[PDB]
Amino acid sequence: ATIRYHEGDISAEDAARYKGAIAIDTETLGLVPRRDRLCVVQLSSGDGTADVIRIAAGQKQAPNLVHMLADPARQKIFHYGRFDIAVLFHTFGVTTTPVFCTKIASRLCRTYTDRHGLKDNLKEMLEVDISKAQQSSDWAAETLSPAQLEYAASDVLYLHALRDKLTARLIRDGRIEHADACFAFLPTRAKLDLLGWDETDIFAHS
């Protein structure tokens, strides 16, 4: 199938499709990790297909997903990893590593625009169109709608391609090393957020 569903954790069979980079996004009940639980983890290996894993209330374990997230041999790709890395660390205790963030890379090379959302990035870098629902969706439902399923999958289907396009810009425009040091600090940035520094830049004076 185009989208592969899992309850609680990705199957070993489908975890084995990921031999390189893993594209990933989550869905939650909101933007405060300590208040709003993790509901969905969506993955893609780059081949046009997704794994959508439904996370249950109170579930603190996903052994196969956690293994992938922890695996230093496979890069995990987010658009704004700062948040999802924090969600995964709060829920599972796992420090996702290493990571590539297409929003940080966008801010570092697409210096001519202020539009750094994923939709704007995919339209310019790949000519792909994606749509935003309406902001208001209960991702903790019993049964996710099929709309809910394709929204989640479209968040990870293109991150491989987008990473490649942006990587060539960073190298062309000379800031690939800046992006990589940003990627290495990112899990720390996410843990400071969980600790309450989420609205301050630690590198400022205040």
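Numbers follow the displayed sequence, beginning with 1.
Q: Between 195-203 and 1-9, which has the higher average C-alpha B-factor in the PDB entry?
A: It is 1-9 that shows the higher mean C-alpha B-factor.
Q: Where do the C-alpha atoms have the higher mean temperature factor in this entry, in 26-34 or in 136-144?
A: Result: 136-144.
Q: Name the third of the chain's ranked CA B-factors that contains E177, choosing lowest, middle or highest.
A: It falls in the middle third of the chain.
Q: For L170, does the deposited CA B-factor place it in the lowest, middle or highest third of the chain?
A: Answer is lowest: the recorded C-alpha B-factor places it there.
Q: For the chain shown, is the CA B-factor of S131 in the lowest, middle or highest third of its modelled residues?
A: It belongs to the highest third of the chain when residues are ordered by C-alpha B-factor.
Q: Determine, from the deposited record, the chain-internal third of the Cα B-factor for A21: lowest, middle or highest.
A: According to the entry, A21 has a C-alpha B-factor in the chain's middle third.
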